[PDB]
Amino acid sequence: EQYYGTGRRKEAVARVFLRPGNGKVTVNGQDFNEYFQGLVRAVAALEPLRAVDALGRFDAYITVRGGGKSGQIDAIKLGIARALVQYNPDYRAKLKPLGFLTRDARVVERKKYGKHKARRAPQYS
Amino acid sequence: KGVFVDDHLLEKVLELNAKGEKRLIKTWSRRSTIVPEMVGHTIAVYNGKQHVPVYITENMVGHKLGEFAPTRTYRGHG
Amino acid sequence: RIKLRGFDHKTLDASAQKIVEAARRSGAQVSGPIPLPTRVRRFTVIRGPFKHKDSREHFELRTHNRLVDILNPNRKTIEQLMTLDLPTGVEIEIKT
Amino acid sequence: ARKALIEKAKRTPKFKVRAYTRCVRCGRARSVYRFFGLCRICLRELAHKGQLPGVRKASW
Amino acid sequence: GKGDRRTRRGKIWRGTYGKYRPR
Amino acid sequence: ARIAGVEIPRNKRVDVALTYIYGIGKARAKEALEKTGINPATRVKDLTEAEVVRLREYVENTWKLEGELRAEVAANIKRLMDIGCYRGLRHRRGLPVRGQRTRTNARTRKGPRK
Amino acid sequence: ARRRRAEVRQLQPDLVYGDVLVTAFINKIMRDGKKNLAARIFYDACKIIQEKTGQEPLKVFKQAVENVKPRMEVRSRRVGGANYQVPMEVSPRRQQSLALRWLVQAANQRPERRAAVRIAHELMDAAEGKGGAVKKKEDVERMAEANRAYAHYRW
RNA sequence: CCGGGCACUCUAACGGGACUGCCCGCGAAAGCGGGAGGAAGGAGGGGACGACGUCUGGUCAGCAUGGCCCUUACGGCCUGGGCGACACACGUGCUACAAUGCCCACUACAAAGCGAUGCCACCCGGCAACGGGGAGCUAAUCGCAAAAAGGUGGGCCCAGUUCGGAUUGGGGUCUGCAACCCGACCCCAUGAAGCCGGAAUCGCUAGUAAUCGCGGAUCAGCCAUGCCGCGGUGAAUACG
């Protein structure tokens, strides 16, 4: 019925269900275009659908929790690049060579005692 | 609602103005509010070192006690 | 609802498989070890006695919560778990 | 003014604002951690000896 | 901005409400 | 003149114009639009004598305002400095009233330094 | 990079035209990270390359880059006891950064009302020979060659 | 939301995994370049840890401690003041000088924590600070709580300005015995400098800088723009 992909990228959680068909997209109970309005990074995690030509092989149901607007986006990018290699384990071809797999450990750093914002050191004489 | 005057001074005050209006009450209460009976007397208020007297008038009723005997000595710089 | 509090987890996780293992042998039917998100209290301290704000250090207080439920209660269940193996540093809780 | 001072924190006086956190093994007035009852340098040397129940040195 | 109390950005930075930012 | 205590602000809106007067900021201004019926939009040239002599009839009547208020606040100094009163004693000094440090900064009550 | 060669990061394409040089201008239009505001101002002004002088927002940008990219530059070096500005060919990577950057500066300084409004204008004029970045490119280039007296004073 | 379910998400314990281990290139070896598979490769990011020592570095004012000295006072209590003074001088910073902006409505998406004479849901009264009433939580189940920016679409129109919030006047609240000296928070009005800064100088290499909001500690309250954290948007460049 579905195809499932676990997505995260920097304190974000994006649960995807590549339920086949037309290509309509809902996250958290609304069209992808309603939620993600304004955003130009918002077109998007539907790009893994552009690495296996399947804009017209899948509608989408997604749940998402954490981080922010464009930080959630990169989660569904791991959530749509995983829900396609699950459907066709022969589709990681043109997915990891196209770099849509993996999961970026690019996390915001612990603020350091002394440096005003992790590294932005105090001004001295 | 709320107005604060110590009440060790307003005790003398309503005992002094009552029992024949004198003046010259020395005190360590600049925290008090100069209630309108104090009008026309002489309170010797403590700024820390000195008991500066004040001749109480109408021109300053809802006013406090310690603005009226400033703690610091300025005169100038140079 | 046997809400097990504590500081040390390795001592706390030996007795929450103890009132887990032993009530199952003594009734039914033991909710497996559930781990609550540990509530952390930190202490950041100027290492030196005087001035030296530039140099400090980090100390934390990890008090990890643990809940466990008894499904079909029974007698002998609260008398097998009336007298229980300690350890010196674990917190209990009884409900239903 | 120091010891007769630490005595003065032990005896709550005329008002409830007028109380403060002095210290126990330290007579220390500042940086008093009330949870621990300990005064930043009280705290730290006993945290390293381990006389503080499950108080770890962090690292993350 | 964040130092002009009499507005929205002024209360927020500050941690306050009133008219220009209410609850 | 034009309106109120004798001030003039056209080419902008009416409300923003009523700001430009002494004794009306952005709040008292939109409370005058309420009590007269003018709608803050209109660009002052775009107001007709009626709603402008309506404007006045209310605003020239309720508050004070120009000429005065300058004198009214000043008599809260005329008395303050003639009184005790420390607060009027640092009006006699040209010094900050509401309890700030003077060791440093404190410039807008003294002017650029010397 | 006393040690290494200092890694050159690739950029993303831009979802709208899939161009790694369109992300590179939008990053230099950026300010305070607010990239969502950085991206409108292109397509706000790309629309201004389309409305005014009906053409190709893809191609007016890519010309305005080659119309501000400086082939010869001069950096000052210390010899004898002298401060000689050395004639050198500014590398292609230096160019990209050099092209885009003047392009934001010259545009920001413009006397027009909205941000993109300028952005477009500048891009148009750069390809047309007459911009603000276009003066600056010739300034550097003829600042060089005026200094070919220092050509073997090049590393 | 009920049932109902652990697959998820999440939680928090124990495990797994990277080893230049596999190939190609070169090298006497070690080792470097490049390849594949890989979530991540070549210390994967950060933390913690900082050698014999140096600076007669710093703290007798945290504490202890040799000695000197004071023992109706250099002890001690107390009321009030000072530690906040202001002709000036320098450091760290805050908010700015606007339109990649401010203003107003409305609409989304965090994380870390802290919550009993506490966090205060929700009504009622107040332009409000707040003031009543009042529900729930020993807290992943109640509460702080709003994130902000952002997005929508309207206001402003280059104005020392709907830029900027100093200053002062007045009326107010809350804490507290007590806000003259000396508190914050609120309402009205006053709306100064400042149109980006001489000579000089500081920080930072990737999720860093920039920018944005949130907590906590100490704390009755508070003069936090400080400090210790948390995450949101997210770059520039590196010939040498």
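Following Swiss-Prot, chain D shows residues 2-61, kept in their order.
Using N, Cα and C of the backbone, Cβ positions are placed for all residues, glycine too.
Per Swiss-Prot, the features are as follows:
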type: BINDING; residues: D:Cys24, D:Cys27, D:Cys40, D:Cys43; note: Zn(2+) binding site
Open item on the list: Give me the sequence-ordered set of same-chain residues, not including D:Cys24, D:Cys27, D:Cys40, D:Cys43, with a C-beta within 8 angstroms of the centroid of the Zn(2+) site's C-beta atoms.
Closed with: D:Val25, D:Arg26, D:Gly28, D:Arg29, D:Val33, D:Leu39, D:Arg41, D:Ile42, D:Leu44
Task: Number of Cβ atoms other than its own within 10 Å, given for D:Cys43 (Zn(2+) binding site) - done: 20
Open item on the list: Sub-8 Å Cβ contact with chain A: please pick out which of the binding-site residues D:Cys24, D:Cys27, D:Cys40, D:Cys43 have it.
Closed with: none
Task: Coarse DSSP state, helix versus strand versus coil, of D:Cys27 (Zn(2+) binding site) - done: coil
- [ ] Ten-angstrom check, please: count other Cβ atoms within 10 Å of the Cβ of D:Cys40 (Zn(2+) binding site), all chains counted.
- [x] 21
Task: Structural state of D:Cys40 (Zn(2+) binding site), classified by DSSP into three states - done: strand
